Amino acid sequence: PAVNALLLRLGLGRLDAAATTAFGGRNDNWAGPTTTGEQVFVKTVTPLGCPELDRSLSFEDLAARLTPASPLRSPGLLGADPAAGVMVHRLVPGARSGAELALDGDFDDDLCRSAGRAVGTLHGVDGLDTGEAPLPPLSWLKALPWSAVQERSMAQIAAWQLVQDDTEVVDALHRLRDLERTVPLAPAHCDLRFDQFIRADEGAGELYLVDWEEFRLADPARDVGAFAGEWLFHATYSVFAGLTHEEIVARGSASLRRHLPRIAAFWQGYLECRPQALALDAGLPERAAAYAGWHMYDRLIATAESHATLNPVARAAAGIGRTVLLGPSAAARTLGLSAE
């Protein structure tokens, strides 16, 4: 209702109720042409004053002031109703998700370099939310709010219990969150995944990074780690979805080994746009690797939404996440993040 309100006050007309498709994601979104024949993407974050909307705007204010020479791009904010939580953007034409690109074999080394340049640029400061991001949610490692249990599958609850009962993992996560108080922080997405990227022109155009609801001043290791962890997850689960546990690990290990160039590509793109990232931050690769480890638990728990049982591929993947989180220094070297 307020969508057309806003779309009209913006010179855009109203959206054809048909031809207006809807993408995925928790928030409501509408895409397609308006009656003035202009293509829009509309997102709605319903309020009670949403911090997510403010953070999404904190970004579109920066992105509006970026030269065309920038590896970092946003599609373009046409307007916004802060009061009712509506945001209008230029629709990217024939946009394919980075998650579809990944599964189809088309998220190659060149596109991983693009992504790294974009993320390197982002990381090179008022207006920004400075609150700690709740990822990982540390109090959930002690105890899940009962409300949250009633929105989780049996497999999600079982994953959380595995985490909760693993004292070494819980403690590694605490140390990782404490370093965030004592390191060079930087503008950061804080919710990065293949499906937070889109490529224009059916995967032949420019690369966009979207969903800035978590945009903060935070540990840049969050974004590097998240992207490494997307590949770790893909290599040891998404590609493999009654074998033995040893057979599942060996298969997954080989798959990982073969997907490592993707992470090295990203890291080279990152260092191209931010060569002095380690100047005062020598722990960045190690921390990135820890976040990659956690990212695997994060994706496992999310994919387990639609499961009653935690299958043995899930469990083997989880085992690799624990090796990376508890051994971040070695994982940085093997993932290619120690490169100079």
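A residue's number is simply how far along the shown sequence it sits, counting from 1.
Asks: Please classify the coordinate gap between residue 48 and residue 49 in terms of deposited residues: none, 1 to 3, 4 to 9, or 10 or more.
Replies: According to the record, 4 to 9 deposited residues lack coordinates from residue 48 to residue 49.
Asks: How big is the unmodelled gap, if any, between residue 94 and residue 95 relative to the deposited sequence? Choose none, 1 to 3, 4 to 9, or 10 or more.
Replies: Gap between residue 94 and residue 95: none.
Asks: Pick between 155 to 163 and 94 to 102: the one whose mean CA B-factor in the entry is higher.
Replies: The deposited B-factors put 94 to 102 ahead on the C-alpha mean.
Asks: Averaging the C-alpha B factors as listed in the entry, name the stretch that ends up higher: 183 to 191 or 129 to 137.
Replies: Comparing averages over the C-alpha atoms only gives 129 to 137.
Asks: For the listed residues 56, 34, 303, 276, which one has the largest C-alpha B-factor as given in the deposited model?
Replies: Answer for 56, 34, 303, 276: 34, with the highest C-alpha B-factor.
Asks: Identify, among 203, 220, 252, 229, the residue whose C-alpha carries the highest B-factor in the deposited PDB entry.
Replies: Comparing C-alpha B-factors across 203, 220, 252, 229, the maximum falls on 203.
Asks: Select lowest, middle or highest to describe the third in which the CA B-factor of residue 269 falls within its chain in this entry.
Replies: For residue 269, whose C-alpha B-factor we compare with every modelled residue in the chain, the answer is the lowest third.
Asks: In terms of the chain's CA B-factor thirds, is residue 224 lowest, middle or highest?
Replies: Lowest third.
Asks: Quick check for you: using the entry's CA B-factors within this chain, is residue 68 in the lowest, middle or highest third?
Replies: Its C-alpha B-factor, which the entry lists for residue 68, ranks in the highest third among residues of this chain.
Asks: Give the position of residue 263 by CA B-factor within its chain, expressed as the lowest, middle or highest third.
Replies: Answer is lowest: the recorded C-alpha B-factor places it there.
Asks: Quick check on the deposited entry: does the C-alpha B-factor of residue 329 sit in the lowest, middle or highest third of its chain?
Replies: It falls in the middle third of the chain.
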